[PDB]
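Colleague: Quick one: this structure, given as structure tokens, is what I'll be asking you about.
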Amino acid sequence: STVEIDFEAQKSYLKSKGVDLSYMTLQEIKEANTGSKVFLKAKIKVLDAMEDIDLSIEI
Amino acid sequence: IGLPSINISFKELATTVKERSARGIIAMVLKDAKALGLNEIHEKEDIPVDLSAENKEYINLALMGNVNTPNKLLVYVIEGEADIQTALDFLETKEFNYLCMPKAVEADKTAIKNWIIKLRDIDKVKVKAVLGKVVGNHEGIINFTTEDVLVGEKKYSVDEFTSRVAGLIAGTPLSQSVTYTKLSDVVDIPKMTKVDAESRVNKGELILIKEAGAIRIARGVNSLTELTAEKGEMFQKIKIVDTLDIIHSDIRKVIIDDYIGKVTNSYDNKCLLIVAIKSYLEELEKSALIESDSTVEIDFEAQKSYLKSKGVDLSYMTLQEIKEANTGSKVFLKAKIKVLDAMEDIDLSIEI
Amino acid sequence: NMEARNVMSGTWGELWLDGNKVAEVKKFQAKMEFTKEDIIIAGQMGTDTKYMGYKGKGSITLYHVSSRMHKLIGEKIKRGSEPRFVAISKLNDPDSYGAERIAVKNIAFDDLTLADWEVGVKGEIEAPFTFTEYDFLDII
Amino acid sequence: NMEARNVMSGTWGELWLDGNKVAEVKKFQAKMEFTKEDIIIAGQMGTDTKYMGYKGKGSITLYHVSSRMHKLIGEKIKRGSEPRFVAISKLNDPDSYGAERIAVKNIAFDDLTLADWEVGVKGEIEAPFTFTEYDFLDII
Amino acid sequence: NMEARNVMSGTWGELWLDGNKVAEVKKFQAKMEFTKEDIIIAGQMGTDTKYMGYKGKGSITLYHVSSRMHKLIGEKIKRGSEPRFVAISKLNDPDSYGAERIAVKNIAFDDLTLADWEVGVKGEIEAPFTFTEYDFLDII
Amino acid sequence: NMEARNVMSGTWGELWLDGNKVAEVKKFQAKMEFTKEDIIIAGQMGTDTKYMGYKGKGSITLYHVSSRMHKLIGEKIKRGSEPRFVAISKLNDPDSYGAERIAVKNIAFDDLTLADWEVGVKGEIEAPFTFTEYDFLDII
Amino acid sequence: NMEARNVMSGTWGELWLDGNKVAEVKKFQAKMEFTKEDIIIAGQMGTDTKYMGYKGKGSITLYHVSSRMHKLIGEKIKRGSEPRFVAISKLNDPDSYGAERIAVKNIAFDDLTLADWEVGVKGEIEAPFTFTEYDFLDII
Amino acid sequence: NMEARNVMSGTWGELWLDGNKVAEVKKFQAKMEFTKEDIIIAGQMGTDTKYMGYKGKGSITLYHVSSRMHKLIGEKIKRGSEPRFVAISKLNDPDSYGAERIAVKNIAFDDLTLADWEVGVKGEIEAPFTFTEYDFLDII
């Protein structure tokens, strides 16, 4: 499972504030200040329990 | 989503289907009024229902196969009163190994032979055709001359059984050869003598024969009969041509995918390409398809001849200078490999 | 025939690792060490040897400019899969007779440097490895 | 593309230990050493290897300003309970392409220096450790 | 917050041995070295460790002014009785945040220097030891 | 052909005992032994054999983290019943061709360890057994 | 899931012998051994077993600081009586899940050591025994 | 006259088992043992012998890369049949005089290993056997 900075959301927020995105490195966008907001994202996987069983028998 | 399902079913034992194969694509051309266009068949059960029973039996013969069933079968169907060249033009795009047409007249056979030879010699695509009665002198085409074969009380003509022959060839692993492989489904063939069969094999035909209490392929040769200084006898075997075509296809694939129009033509990139080809050959050697100690190297003589043709002053030039000289957009290479053949003749002298 | 100008200088060295050119390389080295066994033969005072094989050893040193080795091997090394690479070394001195270009194959690295820094010191990374095969291109 | 300015300098390094910034740090290092086993194969002259795992090693050096390690581990180590920590190392040189920020996890220290002083010498502390995990952030 | 003035200097160090102040002390050092055991866990590539205990090691260096160590341990060492001592170390730099005062207990020395002189050289004595316990006074 | 990467490493093993995963397993053995009878014929110099029967033997080694074996056996042996168990072993190296899963059935243990400790030594348990039949779930 | 810290260290063991704490203990063992009989059936290849009985074995090791064993035994063996003893062992690692306390009952010692010394060697005592039953007081 | 180069190295051996090449072989043994009877005569001091018969013994060792032995044996032992095998071993050192090829016939294996793994150790299989006759194909 992973946790990381949500880059697309941060870029959209910075664009909404009206700052210029041209001539800016990726690290500059990633580390840019966003007032008091924080953007994050993650990924997990959850398993399920046995509930249906199909058995085929050849006699 | 409903209630939890716990079902136990009882049923009778089912026959085990023959194992699939990783290689071998056959292209089939058929004439029927419905289900026109290209069709795909991975499993014998999946056949278009509206097709005629005779075409279905042809497809079943193709899917019979050998120790493994052929990887997949491409079926192209046309209504009728349609030129074979339209099917050929469509089939140029697709990829396949062997092609057969059960219902070819001599004109169709000539057209298919010319198409195959043009693809192999000009289009640089290595494909093969199994034809009934063609005297072509090319390693691409295989001439199967055996008439009136009985398969379960039904008579199949010489053009009709090419489907079974192509399926048998496609189902053979690369290690083995089709020499002396027996057909359990065939029950009888017309009588032939040893001398006649030997002369037919000498003329470049693949035939059926009765031997060791069964019916089996006499020999696995193609139709090439005229040998030049550089061609040689090794080119008359199906297995050798098959492995050579696989090598050609793989090398052309990697070369086109990674280097044509992709990188500048510098000496370093030539060395990188040499390394890639050598690594592929090493993998092939590990797989035991070819013998060890294969080499890949810059072709010095061809590059020197090209530079001379371009008119540059070759005098007062060191060997390294010529080796690393710019050559426009051309690359010259050469290699050396070795391939083996299977056992086919044995002499045992016994002293009593 | 032997002149001091013909001694090859290491400044004219170039390296390709996994098909990509490295520009921060500082030194490259690869060697084969033979395995020998001592054998004493009756009637002979001097001891002889029998040759068994070899082990390939080498190392790379480069300036710390980018995280090249992390992306090469880290996650796979955790997951349990060990990758193998091919390196190409070239040495072409203008005042020498010719060039020398050797390809080293089946390379397996010995470690992965995560962090190494000291205040007032520039960055450097050393990476030892082992190999099994090699090929000759452009010998002298 | 390679210029001399792009080499990262150790003076631009920072370290967080247990979530607290340490400003007296002198150098930081972290290391994974692969375990390898020789395997000889019939018919082959070159000896190959099998990858078995790794051991994580590292060290910290810092100026003697306060009692950090004492408070971190002393009483607990005496009692018989061994703590584990997380370190975060950052390397951000303005002349380089970007930053590097790696987190090292499951750190267990190797010793505890109680006192070390000599007349006419400034105080320093070296602390080795072991670790088993890490994560990549801000990889160049 | 971190200034070069705050680094503690060893000239401001004092030592008490067996309740008496030593004035010729040159350097004092005491450390605890942990004992670890490697443990391999199925399914994990990184090797972990188990903490089992520690050993206390240290040493004292002082100018040769008086026969302090002879009177401390000689006759008892012959007779078969090994004495144990308590040492107090203090470090108070005027430009530091505070002082550091540790007591080392259950000290057993490693040897007793009878004579060591060379013409044209001043006298010095080094005395390694081992300990088991310690206590914290005036931490920073 | 054989690659050095294809040799299975034992770190990638797993064990289920009576349906519960055993995370502290160290090694697992299981082997079938065949009994032979010598055949000697008067007038013939050679000697031949015929198979008589077979038997199964093996053992388990664990790290000592809990009282698993005492709970598993409990009072069953004391009261006089005949407890039998089923074990499942898996070996799945990512670099090998595939997995290998075997079920070992009808297991009877040889003894039970109550206490086995020493100062300065980490604890382990060894448990031999015998069995009668086996099944192959995953083959390679 | 298993951690390296959960392995019990033997330095945390304790022993009570006849109600008196033994501070000089070095190691303790106690094991129950089961006896088996092979079952062979004509016409079947496989061989099976059934349990027959059990027996208890163990031993103790002590540092030699006093004559504890002689006072414990006394003249009871010489006078022809049959003395028996009770032992309680505890293992309580702070980093583990819990404690494990077992009572071993009906102990008969195997021998008595009167003197075993050598110049330059520190003394130890070894005492094997047999027992018949046991009780569990704390389960981990 | 003998040279050190003429001693055969075991890296150049090859094995065929039931017509299939075994690329993971590690070592191969095959030996014929003769049985003797002592002859003693009254009135004479010396003791003489006569031959009685012979027997064959050997073993194989493999790297664990697949389940070759289980597929080779299968259920043949369990079903009560008596399986036998043929092995061919070749030794062809380039520096020796020639090759040596032997066929070992009527092989009966002694046991079957189902699982034998340990954390941090690479896997191997050992398979002893007995045989009755042999043929020589290439003599050096």
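By order of appearance in the structure tokens: chains A, B, ..., then residues from 1 within every chain, and ligands from 1 in the order shown.
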I need the residues in chain A that are alpha helix (DSSP H) according to DSSP; give them as an NGL selection string.
Modeller: :A and (7-16 or 26-30)
Colleague: Kindly save the residues from that selection, with C-alpha atoms included, as a PDB file, in the first residue's frame.
Modeller:
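Generated file (out.pdb):
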ATOM      1  CA  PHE A   7       0.166  16.113  -7.716  1.00  0.00           C
ATOM      2  CA  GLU A   8      -2.791  16.711 -10.052  1.00  0.00           C
ATOM      3  CA  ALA A   9      -4.951  18.184  -7.283  1.00  0.00           C
ATOM      4  CA  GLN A  10      -2.123  20.491  -6.204  1.00  0.00           C
ATOM      5  CA  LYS A  11      -1.611  21.628  -9.800  1.00  0.00           C
ATOM      6  CA  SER A  12      -5.329  22.322 -10.193  1.00  0.00           C
ATOM      7  CA  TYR A  13      -5.386  24.303  -6.945  1.00  0.00           C
ATOM      8  CA  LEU A  14      -2.353  26.361  -7.977  1.00  0.00           C
ATOM      9  CA  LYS A  15      -3.982  27.072 -11.340  1.00  0.00           C
ATOM     10  CA  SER A  16      -7.168  28.144  -9.548  1.00  0.00           C
ATOM     11  CA  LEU A  26       8.032  19.651 -11.390  1.00  0.00           C
ATOM     12  CA  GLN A  27       9.804  19.937  -8.032  1.00  0.00           C
ATOM     13  CA  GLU A  28       8.862  23.625  -7.904  1.00  0.00           C
ATOM     14  CA  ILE A  29       5.183  22.755  -8.336  1.00  0.00           C
ATOM     15  CA  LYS A  30       5.417  19.892  -5.838  1.00  0.00           C
TER      16      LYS A  30
END
Colleague: Write out as a list in words which residues come within 12 Å of residue 68 in chain C when counting only C-alpha atoms, dropping same-chain ones fewer than 2 positions away.
Modeller: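 The residues satisfying every condition are residues 17, 18, 20, 21, 22, 23, 24, 25, 62, 63, 64, 65, 66, 70, 71, 72, 73, 74, 112, 113, 114, 125 and 127 of chain C; 139 and 140 of chain D.
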Colleague: Find the residues in chain F near chain D: any atom within 9 Å counts, using only C-alpha atoms. Write them as a list in words.
Modeller: residues 2, 3, 4, 5, 6, 7, 9 and 11 of chain F
Colleague: Write out as a Markdown table a residue-level contact list of chain B versus chain A with cut-off 7 Å: for each qualifying residue the closest pair of atoms and the distance in Å to one decimal, counting only C-alpha atoms, rows sorted by chain and residue number upward.
Modeller:
| residue | atom | partner | partner_atom | distance |
| --- | --- | --- | --- | --- |
| B:4 | CA | A:52 | CA | 5.4 |
| B:5 | CA | A:52 | CA | 4.9 |
| B:6 | CA | A:53 | CA | 5.1 |
| B:7 | CA | A:54 | CA | 5.7 |
| B:8 | CA | A:55 | CA | 5.1 |
| B:9 | CA | A:56 | CA | 5.1 |
| B:10 | CA | A:57 | CA | 5.1 |
| B:11 | CA | A:58 | CA | 5.0 |
| B:12 | CA | A:58 | CA | 5.3 |
| B:13 | CA | A:58 | CA | 5.3 |
Colleague: I need the chosen residues saved as a compact mmCIF listing (two decimals), in the first residue's frame, with N, CA and C atoms.
Modeller:
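What follows is the written file part.txt:
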# COMPACT_ATOMS: atom_id res chain seq x y z
N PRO B 4 -26.12 -17.09 -1.16
CA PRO B 4 -24.92 -17.92 -1.34
C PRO B 4 -25.26 -19.21 -2.06
N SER B 5 -24.41 -19.58 -3.01
CA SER B 5 -24.64 -20.72 -3.89
C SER B 5 -23.64 -21.81 -3.56
N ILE B 6 -24.14 -22.99 -3.22
CA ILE B 6 -23.32 -24.16 -2.93
C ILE B 6 -23.93 -25.31 -3.71
N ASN B 7 -23.43 -25.54 -4.92
CA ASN B 7 -24.00 -26.54 -5.81
C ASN B 7 -22.94 -27.57 -6.17
N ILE B 8 -23.29 -28.84 -6.00
CA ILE B 8 -22.44 -29.97 -6.35
C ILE B 8 -23.11 -30.71 -7.49
N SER B 9 -22.42 -30.82 -8.62
CA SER B 9 -22.97 -31.40 -9.83
C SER B 9 -22.30 -32.72 -10.14
N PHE B 10 -23.09 -33.69 -10.58
CA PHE B 10 -22.60 -35.00 -10.99
C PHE B 10 -22.78 -35.14 -12.50
N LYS B 11 -21.74 -35.62 -13.18
CA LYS B 11 -21.76 -35.75 -14.62
C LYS B 11 -20.76 -36.81 -15.05
N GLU B 12 -20.88 -37.24 -16.31
CA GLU B 12 -20.06 -38.32 -16.82
C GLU B 12 -18.68 -37.83 -17.23
N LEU B 13 -17.73 -38.75 -17.27
CA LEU B 13 -16.36 -38.43 -17.63
C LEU B 13 -16.27 -38.00 -19.09
Colleague: Step one, run DSSP on the backbone; step two, keep only residues of range 3-134 of chain D assigned to strand (DSSP E); then write them as JSON, numbers by chain.
Modeller: {"D": [13, 14, 15, 16, 17, 20, 21, 25, 26, 27, 28, 29, 30, 31, 32, 33, 34, 35, 36, 37, 38, 39, 48, 49, 50, 51, 52, 53, 54, 55, 56, 57, 58, 59, 60, 61, 62, 63, 85, 86, 87, 88, 89, 90, 91, 100, 101, 102, 103, 104, 105, 106, 107, 108, 109, 111, 112, 113, 114, 115, 116, 117, 118, 124, 125, 126, 127, 128, 129, 130, 131, 133, 134]}
Colleague: Take the residues from that selection and write them out as an mmCIF file, in the first residue's frame, keeping C-alpha atoms.
Modeller:
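The file below, result_5.cif, is the result:
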data_model
loop_
_atom_site.group_PDB
_atom_site.id
_atom_site.type_symbol
_atom_site.label_atom_id
_atom_site.label_comp_id
_atom_site.auth_asym_id
_atom_site.auth_seq_id
_atom_site.Cartn_x
_atom_site.Cartn_y
_atom_site.Cartn_z
ATOM 1 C CA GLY D 13 22.038 17.808 4.204
ATOM 2 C CA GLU D 14 19.366 17.588 6.900
ATOM 3 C CA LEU D 15 18.240 14.807 9.219
ATOM 4 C CA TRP D 16 15.101 14.102 11.252
ATOM 5 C CA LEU D 17 15.431 11.497 14.011
ATOM 6 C CA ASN D 20 12.762 15.884 15.670
ATOM 7 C CA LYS D 21 15.251 17.846 13.599
ATOM 8 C CA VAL D 25 24.556 16.429 12.560
ATOM 9 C CA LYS D 26 27.937 16.070 10.845
ATOM 10 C CA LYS D 27 27.408 13.098 8.527
ATOM 11 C CA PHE D 28 24.812 10.432 7.777
ATOM 12 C CA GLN D 29 25.050 7.095 6.007
ATOM 13 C CA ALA D 30 22.834 4.071 5.353
ATOM 14 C CA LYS D 31 23.788 0.848 3.644
ATOM 15 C CA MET D 32 22.303 -2.421 2.385
ATOM 16 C CA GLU D 33 24.831 -5.211 1.748
ATOM 17 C CA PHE D 34 23.603 -8.137 -0.340
ATOM 18 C CA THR D 35 24.220 -11.721 0.736
ATOM 19 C CA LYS D 36 25.477 -13.867 -2.140
ATOM 20 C CA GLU D 37 26.296 -17.563 -2.488
ATOM 21 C CA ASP D 38 28.742 -19.032 -4.989
ATOM 22 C CA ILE D 39 27.291 -21.716 -7.265
ATOM 23 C CA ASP D 48 27.886 -17.607 -10.736
ATOM 24 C CA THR D 49 26.013 -16.466 -7.624
ATOM 25 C CA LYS D 50 22.581 -16.649 -6.011
ATOM 26 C CA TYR D 51 21.034 -13.704 -4.156
ATOM 27 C CA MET D 52 19.886 -14.532 -0.623
ATOM 28 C CA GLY D 53 19.062 -11.251 1.133
ATOM 29 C CA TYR D 54 20.602 -8.128 2.591
ATOM 30 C CA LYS D 55 21.698 -6.505 5.850
ATOM 31 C CA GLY D 56 21.105 -2.821 6.500
ATOM 32 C CA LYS D 57 23.950 -0.851 8.087
ATOM 33 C CA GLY D 58 24.562 2.807 8.802
ATOM 34 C CA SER D 59 26.097 5.395 11.085
ATOM 35 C CA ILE D 60 25.568 8.925 12.396
ATOM 36 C CA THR D 61 28.182 11.465 13.494
ATOM 37 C CA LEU D 62 27.190 14.629 15.333
ATOM 38 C CA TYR D 63 28.768 17.354 17.440
ATOM 39 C CA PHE D 85 13.290 4.600 15.400
ATOM 40 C CA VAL D 86 12.713 6.229 12.019
ATOM 41 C CA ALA D 87 15.167 8.602 10.333
ATOM 42 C CA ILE D 88 14.539 10.962 7.416
ATOM 43 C CA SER D 89 17.465 12.312 5.392
ATOM 44 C CA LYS D 90 17.238 15.176 2.904
ATOM 45 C CA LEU D 91 19.820 16.347 0.367
ATOM 46 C CA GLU D 100 16.614 13.467 -2.450
ATOM 47 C CA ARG D 101 14.548 12.442 0.581
ATOM 48 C CA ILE D 102 14.788 8.864 1.883
ATOM 49 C CA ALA D 103 13.173 7.503 5.047
ATOM 50 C CA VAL D 104 14.952 4.697 6.929
ATOM 51 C CA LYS D 105 12.868 2.481 9.204
ATOM 52 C CA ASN D 106 13.290 -0.062 12.018
ATOM 53 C CA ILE D 107 16.564 1.432 13.244
ATOM 54 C CA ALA D 108 18.348 -0.297 16.127
ATOM 55 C CA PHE D 109 21.473 1.325 17.526
ATOM 56 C CA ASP D 111 26.190 1.206 21.327
ATOM 57 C CA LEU D 112 25.838 4.095 23.770
ATOM 58 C CA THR D 113 28.687 6.537 24.400
ATOM 59 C CA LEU D 114 28.416 7.837 27.960
ATOM 60 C CA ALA D 115 31.543 10.000 28.176
ATOM 61 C CA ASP D 116 34.407 10.742 25.796
ATOM 62 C CA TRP D 117 36.608 13.800 26.292
ATOM 63 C CA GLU D 118 40.276 14.747 26.067
ATOM 64 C CA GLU D 124 32.134 14.452 18.759
ATOM 65 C CA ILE D 125 29.899 11.378 18.869
ATOM 66 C CA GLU D 126 29.701 8.459 16.423
ATOM 67 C CA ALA D 127 26.671 6.149 16.520
ATOM 68 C CA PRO D 128 26.295 3.090 14.263
ATOM 69 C CA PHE D 129 23.010 1.280 13.740
ATOM 70 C CA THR D 130 21.155 -1.424 11.807
ATOM 71 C CA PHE D 131 17.938 -1.218 9.789
ATOM 72 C CA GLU D 133 13.380 -1.119 5.629
ATOM 73 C CA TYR D 134 13.184 2.165 3.748
#
Colleague: Calculate how many Å separate CA of residue 181 in chain B from CA of residue 217 in chain B, rounding to one decimal.
Modeller: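 Distance reported for this atom pair: 5.6 Å.
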Colleague: Using only C-alpha atoms, pick whichever of B:284, B:335, B:317, B:149 has the shortest atom-to-atom distance to chain F.
Modeller: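 Closest candidate: B:284.
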Colleague: For a test of reading the model, state the distance in Å between CA of residue 32 in chain B and CA of residue 162 in chain B, rounded to one decimal.
Modeller: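 If I compute the distance from CA of residue 32 in chain B to CA of residue 162 in chain B, I get 18.8 Å.
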Colleague: Distance limit 10 Å, atoms considered: only C-alpha atoms. Which chain D residues sit that close to chain A? Return them as number ranges by chain.
Modeller: D: 97-99, 137-138, 140
Colleague: Would you save the residues from that selection as a PDB file, in the first residue's frame, using C-alpha atoms?
Modeller:
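Listing of out-v4.pdb after writing:
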ATOM      1  CA  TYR D  97      18.682  18.876 -10.553  1.00  0.00           C
ATOM      2  CA  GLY D  98      16.562  18.268  -7.470  1.00  0.00           C
ATOM      3  CA  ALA D  99      16.311  16.956  -3.934  1.00  0.00           C
ATOM      4  CA  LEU D 137      10.405  10.178  -1.438  1.00  0.00           C
ATOM      5  CA  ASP D 138      11.444  12.985  -3.784  1.00  0.00           C
ATOM      6  CA  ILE D 140      15.535  12.525  -8.571  1.00  0.00           C
TER       7      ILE D 140
END
Colleague: For CA of residue 80 in chain B and CA of residue 31 in chain B, determine how far apart the two atoms are, in Å to one decimal place.
Modeller: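 Separating CA of residue 80 in chain B from CA of residue 31 in chain B is a distance of 5.6 Å.
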Colleague: Kindly provide, as a list in words, the residues of chain B having any atom no farther than 10 Å from an atom of chain C, counting only C-alpha atoms.
Modeller: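 In the required form, that comes to residues 268, 269, 271, 272, 274, 275, 276, 278, 279, 297, 298, 318, 319, 320, 321 and 323 of chain B.
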Colleague: Could those selected residues go to a file with N, CA and C atoms, as a short mmCIF file (atom, residue, chain, number, x, y, z; two decimals), in the first residue's frame?
Modeller:
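Resulting contents of out-v3.cif:
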data_model
loop_
_atom_site.label_atom_id
_atom_site.label_comp_id
_atom_site.auth_asym_id
_atom_site.auth_seq_id
_atom_site.Cartn_x
_atom_site.Cartn_y
_atom_site.Cartn_z
N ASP B 268 28.91 3.95 -32.26
CA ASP B 268 28.49 3.44 -30.95
C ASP B 268 27.16 2.72 -31.04
N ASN B 269 26.22 3.27 -31.81
CA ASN B 269 24.92 2.64 -31.96
C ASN B 269 25.02 1.34 -32.75
N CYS B 271 27.63 -0.66 -32.49
CA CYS B 271 28.11 -1.61 -31.49
C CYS B 271 26.98 -2.06 -30.57
N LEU B 272 26.11 -1.13 -30.17
CA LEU B 272 24.96 -1.50 -29.35
C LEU B 272 24.05 -2.49 -30.06
N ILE B 274 24.92 -4.59 -32.43
CA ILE B 274 25.64 -5.86 -32.45
C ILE B 274 25.46 -6.60 -31.14
N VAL B 275 25.57 -5.88 -30.02
CA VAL B 275 25.42 -6.51 -28.71
C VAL B 275 24.03 -7.09 -28.54
N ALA B 276 23.00 -6.35 -28.99
CA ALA B 276 21.63 -6.86 -28.87
C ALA B 276 21.43 -8.13 -29.69
N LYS B 278 23.72 -10.27 -30.63
CA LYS B 278 24.50 -11.34 -30.01
C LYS B 278 23.77 -11.90 -28.79
N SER B 279 23.13 -11.04 -28.00
CA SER B 279 22.37 -11.52 -26.85
C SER B 279 21.20 -12.39 -27.29
N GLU B 297 29.50 -9.58 -36.06
CA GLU B 297 30.66 -8.72 -36.26
C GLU B 297 30.39 -7.74 -37.40
N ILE B 298 31.04 -6.57 -37.31
CA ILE B 298 30.98 -5.59 -38.38
C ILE B 298 31.54 -6.19 -39.66
N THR B 318 43.92 4.16 -42.21
CA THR B 318 44.15 3.04 -41.31
C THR B 318 42.90 2.17 -41.24
N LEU B 319 43.09 0.92 -40.80
CA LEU B 319 41.98 -0.01 -40.70
C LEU B 319 40.90 0.50 -39.75
N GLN B 320 41.31 1.09 -38.62
CA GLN B 320 40.34 1.66 -37.70
C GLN B 320 39.59 2.83 -38.33
N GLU B 321 40.29 3.62 -39.14
CA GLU B 321 39.63 4.74 -39.82
C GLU B 321 38.54 4.24 -40.77
N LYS B 323 36.99 1.28 -40.54
CA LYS B 323 35.96 0.61 -39.76
C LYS B 323 34.97 1.61 -39.17
#
Colleague: Compile the contact shell of residue 126 in chain B as a ChimeraX atom specification: residues with an atom at most 12 Å away, counting only C-alpha atoms, same-chain residues fewer than 6 positions apart removed.
Modeller: /B:92,95-99,115-120,139-141,241-250,252
Colleague: Generate the output file for the selected residues, N, CA and C atoms, as a short mmCIF file (atom, residue, chain, number, x, y, z; two decimals), in the first residue's frame.
Modeller:
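The file below, result16.cif, is the result:
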data_model
loop_
_atom_site.label_atom_id
_atom_site.label_comp_id
_atom_site.auth_asym_id
_atom_site.auth_seq_id
_atom_site.Cartn_x
_atom_site.Cartn_y
_atom_site.Cartn_z
N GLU B 92 -1.99 -10.18 -47.04
CA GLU B 92 -0.65 -9.62 -46.89
C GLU B 92 -0.48 -8.95 -45.53
N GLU B 95 -0.39 -12.02 -40.28
CA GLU B 95 0.79 -12.85 -40.09
C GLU B 95 0.37 -14.31 -39.99
N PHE B 96 1.11 -15.17 -40.69
CA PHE B 96 0.80 -16.60 -40.73
C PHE B 96 2.06 -17.33 -41.16
N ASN B 97 2.04 -18.65 -40.98
CA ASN B 97 3.16 -19.50 -41.35
C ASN B 97 2.88 -20.34 -42.58
N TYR B 98 1.75 -21.03 -42.62
CA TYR B 98 1.40 -21.91 -43.73
C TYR B 98 0.02 -21.55 -44.26
N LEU B 99 -0.14 -21.66 -45.58
CA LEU B 99 -1.39 -21.32 -46.24
C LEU B 99 -1.80 -22.46 -47.16
N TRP B 115 2.44 -15.44 -55.81
CA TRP B 115 2.31 -14.57 -54.65
C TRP B 115 3.30 -14.95 -53.55
N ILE B 116 3.43 -16.25 -53.27
CA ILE B 116 4.34 -16.70 -52.22
C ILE B 116 5.78 -16.36 -52.58
N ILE B 117 6.16 -16.62 -53.83
CA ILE B 117 7.55 -16.36 -54.21
C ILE B 117 7.84 -14.87 -54.21
N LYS B 118 6.86 -14.04 -54.58
CA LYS B 118 7.06 -12.60 -54.52
C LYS B 118 7.21 -12.12 -53.08
N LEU B 119 6.40 -12.65 -52.17
CA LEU B 119 6.53 -12.26 -50.77
C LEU B 119 7.88 -12.68 -50.20
N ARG B 120 8.35 -13.88 -50.53
CA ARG B 120 9.60 -14.35 -49.94
C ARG B 120 10.81 -13.64 -50.54
N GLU B 139 11.98 -23.19 -52.26
CA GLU B 139 11.91 -23.71 -50.90
C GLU B 139 10.67 -23.23 -50.16
N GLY B 140 9.95 -22.25 -50.70
CA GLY B 140 8.76 -21.76 -50.02
C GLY B 140 7.59 -22.72 -50.11
N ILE B 141 7.40 -23.36 -51.26
CA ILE B 141 6.23 -24.18 -51.51
C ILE B 141 6.57 -25.65 -51.31
N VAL B 241 14.55 -25.00 -42.86
CA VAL B 241 13.94 -23.77 -43.37
C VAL B 241 13.04 -23.16 -42.30
N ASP B 242 12.36 -24.00 -41.52
CA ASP B 242 11.50 -23.49 -40.46
C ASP B 242 12.30 -22.74 -39.40
N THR B 243 13.40 -23.33 -38.93
CA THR B 243 14.18 -22.65 -37.91
C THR B 243 14.84 -21.38 -38.47
N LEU B 244 15.29 -21.42 -39.72
CA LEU B 244 15.86 -20.22 -40.33
C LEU B 244 14.82 -19.11 -40.43
N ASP B 245 13.58 -19.45 -40.78
CA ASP B 245 12.54 -18.44 -40.88
C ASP B 245 12.20 -17.85 -39.52
N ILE B 246 12.21 -18.67 -38.47
CA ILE B 246 11.96 -18.14 -37.13
C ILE B 246 13.05 -17.14 -36.75
N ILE B 247 14.32 -17.50 -37.01
CA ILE B 247 15.42 -16.59 -36.70
C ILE B 247 15.27 -15.28 -37.47
N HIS B 248 14.94 -15.38 -38.76
CA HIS B 248 14.77 -14.19 -39.59
C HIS B 248 13.67 -13.29 -39.03
N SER B 249 12.53 -13.87 -38.69
CA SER B 249 11.41 -13.08 -38.19
C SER B 249 11.77 -12.36 -36.90
N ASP B 250 12.40 -13.07 -35.96
CA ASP B 250 12.73 -12.44 -34.69
C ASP B 250 13.74 -11.31 -34.87
N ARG B 252 14.45 -9.51 -37.58
CA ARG B 252 13.85 -8.37 -38.25
C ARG B 252 12.91 -7.61 -37.32
#
